[PDB]
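To start, the structure under review is shown below, and the notes come after it.
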RNA sequence: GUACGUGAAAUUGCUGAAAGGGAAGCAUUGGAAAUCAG
RNA sequence: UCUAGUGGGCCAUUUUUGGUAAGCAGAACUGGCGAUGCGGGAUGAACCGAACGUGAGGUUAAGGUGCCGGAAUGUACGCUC
RNA sequence: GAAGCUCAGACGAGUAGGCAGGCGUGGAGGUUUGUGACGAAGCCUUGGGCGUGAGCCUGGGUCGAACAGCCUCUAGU
RNA sequence: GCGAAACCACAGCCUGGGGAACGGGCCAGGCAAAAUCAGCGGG
RNA sequence: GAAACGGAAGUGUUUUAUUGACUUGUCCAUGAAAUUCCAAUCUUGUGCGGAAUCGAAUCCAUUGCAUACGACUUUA
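Residue numbers (the entry's author numbering), protein chains in the order written: chain e, 4 to 121; chain P, 4 to 125, 140 to 154, 165 to 183; chain s, 3 to 32; chain E, 31 to 195; chain f, 3 to 108; chain O, 2 to 197.
Right, dumping it as structure tokens:
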């Protein structure tokens, strides 16, 4: 079953590009006269529940695997029964020695590692 | 420094910090004398000091008088800031001396990099100045490949 | 144009022509 | 764990219904491939394709499978086919060899096969047998050997939706 | 050398659009030689082709190709609708396209 | 219906806007168009009516620094180009590029007088305007509002027609000779069953 | 390196790239160049 | 049973007495608008259609099919210089 | 994970306002044999991924000592 | 050579139209080629 | 290898003799293939080892017919 994303571009906040104080994160326009709130033609779009993706393919990487954050050897050892569903994600703050230890363990379990090249 | 050069292979460096000169004039002189030969830059600075040539003003060109000596650079506006040139002349003396210390060939030196940055305002606007001198120097698919094969046999 | 005036009636005229036509019809009704 | 067994799909297979004018023994233009624009005589009616050849002594188009969507069935006079057997041409007869891996390349792979080495002598025996059984028919009616030797091409002011091929 | 051109010359006119809206999903193709919808039924389903040239050379071949299919006649004057795998760029209005005689049905 | 690289249109007897509308469509269609013999273009309405239509155009000029104001081109080629330009989205890059594919010249210059000149029946005066309807030629209408090259173009046209007629007489002499030899061959009527 | 831990933004300069005929910014669709990803 | 927010105005129709060069005023009613984006009318607070999750395809409304602009420089009968 | 699984149908503008579920921040109790000088937090990034969204995970660079997930409490959030 | 401040949503060609206030952004046109120097201050 | 003509923007036209081809007008023989169902012209380029080629403008200065400064008119 192919993974499908309804939308790829993120919803940028209104005027988040003309100002450095207004941030990229989405905020809902509150103004009564906002041409964006009234959803005029040509204006940027607003997040709606209609863009929700399929429940069967939601939270899945482009290869159909869900990410699970792993911080020590114990975590990946818990992933042995879902090598077909969950791919391990080494946490950023895991030391070099533990990373090679986890990645060798994950290889033994045959569980996918997304950032094994570190 | 600012740029990937200044490798000790064929470079020499100099810099000045908190030099009591206007930032905009120093920028215009730096832009002009960039890329010239070292000895060529010296006489040019001597010319500017003696009004026999002028440094074009390009970005900070507000209110500059038009002179005929700005014709070589293609601009209409020129000025002769002598304070900033004296600062640049001293800096080039030091950069030339550093070239002597490293052991380059001084006849073929060029101004490879020069940059003027604003300094902590103290009012006047001091300028950090830095100079670098240096030296100059698919596939074949089954069908596409088969046609290549047949045409190879065709020529023979 | 080619004329001594503008053929495009400005929206004021598009506004008050119809109502003054309506007042005319009301006058005949009275 | 899951290995979701596919539901028993209710799709069957039925013989492909070729066009009315794509009968064996006709003359058709070839629209694609390395021999686009050539004219070739259809020998036999395959499952999906047409086992078609130009008489190799005439134009040099060996016996090939061609999908019927890249064929224009000309109304040229029919060439008899009862004189030649056509059962020996099957899908497996035309099929490729295996590959033994997903990737193979290099000019050594090109100096091999070629129309000498991986080309069996039995194919020429079949090819010459076909030519022996069709040249008398093509020779009988005029311009036919010359018609098949030529190539089809459009011209300025030639509109295919009005041209009755 | 006139023993070639197994295609039919055509032109890209615009996208399918209203006056203030465009849908680049489908493109309006003027198949040269076709002057009504009953004639455009012939080319309905053929393989249309946009051929262009680039700067980088992939395959050692300077020509890139964007494939497409004639989908529906569009109007009275013999224009058709085409669906290209990649929507044609807007710089290609008036650019010439090719109409292959296949999938053949004649 | 079929495109060439370049089309050279002889614009004698064609209506101004009727021809300019077709040309506007062909330019955006992506084809180079050369319009020749512009000084015989026709416009509906009697001459004095159209003379007023153009003398009102002379009235439009910016009151501040009229060098900024509208430029009222007088040459017949330039009047035709004005018609086409107003029928194009020239305020864009695709409209701008359509003008660059349009050539409008008065008379037929030597670069083009040796090529076939087609006409546009959707714009021909004899097929559009009812007989007895007054009309004015652009070439006359330009020679009365400033264009000062009417006579020279007419002078050069007369010479060109003489050369073109001499060519045609030579081509007819050759063509009648081959036609005699064309019919002389016997194979003609052993292919006559094919309609040729 | 005492104008001393980390050193953000506004802001300035240099290099590289790109665009620009009385603005720009933004959105949709693709092309081109760069760069990834399975 | 308890408990938020609102208690304006504008536009047009229908009635409607006083009325005058002429508008104007008076009520009652109706809808629409405030909270409403979209298609069309060159553009527009009210005109014509249409009441909105994300998309694909098909078909239409209003309005249009010379060109700008997607769509007949269509067919037929007249009027108009 | 009965707070779960499953099938079916209809519906989807929205101001004041009414209701529900979530994202994020400082500190507290509990838990994860939790992460860390073989580099914590922070910071940069034309690197990658996830969510409709609030936001979240990660690669590379800089950095040098502390920090986080979960269930609850709390507020100068 | 020394060297400010007021001010600053963003900007700066023109005609007509946009219910109003018709405007600098909208619509329809006229058009439109860098960088500047000095006067007049029209706006 | 040459003649003639073409000035509206001459984008060429023609006469040619020449050479070397090519040589379906017509009829024959060789070869194509496992690319075994679709996916010539255009110029830089960079150099090749052989030929020949040997200009101007401005600043500096000057003039005053010109001039706020540029610019302009001279001289050099």
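Just so it is clear, CB atoms sit at the ideal spot from N, CA and C, and this is done for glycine as well.
Rounded to the nearest angstrom, the gap between the Cα atoms of residue 18(f) and residue 26(f) is 7 Å.
Chain-order list of chain P residues neighbouring residue 65(E): empty, with the shortest C-beta distance near 12 Å, by a criterion of under 7 Å.
Restricting attention to 101(P), 63(P), 144(P), the CA atom closest to the CA of residue 21(P) is found in 144(P).
Contact between the stretch 80 to 95 of chain E and the stretch 5 to 25 of chain s is absent: fewer than three C-beta pairs spanning the two stretches fall below 8 Å.
By the neighbour-count criterion, in which 16 or more other beta carbons inside 10 Å mark a residue as buried, residue 145(E) falls on the exposed side. For residue 92(P), the uninterrupted alpha helix (DSSP H) segment begins and ends at 85 to 105.
With respect to chain f, the C-beta atom of residue 80(E) has no partner C-beta closer than 8 Å. Proximity of residue 190(E) to chain f, defined by a Cβ-Cβ separation below 8 Å, is satisfied. Rounded to the nearest angstrom, the gap between the Cα atoms of residue 86(e) and residue 62(e) is 16 Å. Linking residue 113(O) to residue 97(E) through their CA atoms gives a straight-line distance of about 49 Å. Between residue 44(f) and chain E, the shortest Cβ-Cβ separation is below 8 Å.
Boundaries for residue 71(e): no alpha helix (DSSP H) harbours it, while the beta strand (DSSP E) harbouring it runs 69 to 73, taken from the DSSP string. Look at residue 142(O) here: in three-state DSSP terms it is helix. Closest option to residue 90(e), judged by alpha-carbon separation, among 48(e), 103(e), 119(e), 96(e): 119(e).
Interface annotation, residue 140(E): in contact with chain P, CB-CB separation under 8 Å. Annotation for residue 90(O): 96 place their beta carbon closer than 7 Å to its own, counting only its chain and skipping 5 residues before and after. Any Cβ of chain O closer than 8 Å to the Cβ of residue 64(f) would place that residue at the interface, and such an atom is absent. Two segments are said to touch when three or more pairs of C-beta atoms, one from each, lie closer than 8 Å; by this definition the stretch 123 to 143 of chain O touches the stretch 16 to 27 of chain O. DSSP places residue 2(O) outside both helix and strand once states are collapsed to three, so it counts as coil. Using a Cβ-Cβ distance cut-off of 8 Å, the stretch 70 to 84 of chain f and the stretch 36 to 48 of chain f are in contact, since at least three pairs of beta carbons, one from each stretch, lie closer than that value. For residue 22(O), the three-state secondary structure derived from DSSP is helix. For residue 82(O), there is no enclosing beta strand (DSSP E); the enclosing alpha helix (DSSP H) has its first and last residue at 77 to 87.
Per the coordinates, the alpha-carbon of residue 69(f) lies some 13 Å from the alpha-carbon of residue 91(f). For chain f, the residues of the stretch 27 to 52 of chain O that bring a beta carbon within less than 9 Å of one of its beta carbons are 28, 29, 30, 31, 32, in chain order. Within the stretch 62 to 136 of chain E, the runs of beta strand (DSSP E) at least 3 residues long that lie entirely inside it are, in chain order, 69 to 75, 79 to 83, 94 to 97, 101 to 103. Chain f places a beta carbon closer than 8 Å to that of residue 2(O), counting this residue as a contact.
With respect to chain f, the C-beta atom of residue 69(O) has no partner C-beta closer than 8 Å. Counting only residues of its own chain and dropping the five nearest sequence neighbours on each side, residue 157(E) has a CB closer than 8 Å to the CB of 83, 86, 92, 93. Under the Cβ criterion (8 Å, minimum of three pairs), the stretch 148 to 164 of chain O counts as touching the stretch 62 to 77 of chain O.
Note that the C-beta distance between residue 16(O) and residue 146(O) is not below 8 Å. Setting aside the 5 residues that flank it on each side, residue 16(f) is surrounded in the same chain by 30, 95, each with a C-beta closer than 7 Å to its C-beta; the list follows chain order. If you check each beta-carbon in the stretch 46 to 71 of chain E against every beta-carbon of chain f, the ones closer than 8 Å belong to 49, 61, 62, 66, 67. Straight-line measurement puts the Cα of residue 63(O) at about 7 Å from the Cα of residue 69(O).
Near chain O, meaning a CB-to-CB distance below 8 Å, the residues of the stretch 24 to 37 of chain f are 32, 34, 35, 37.
In this structure, DSSP gives residue 48(O) a helical state, which the three-state scheme calls helix.
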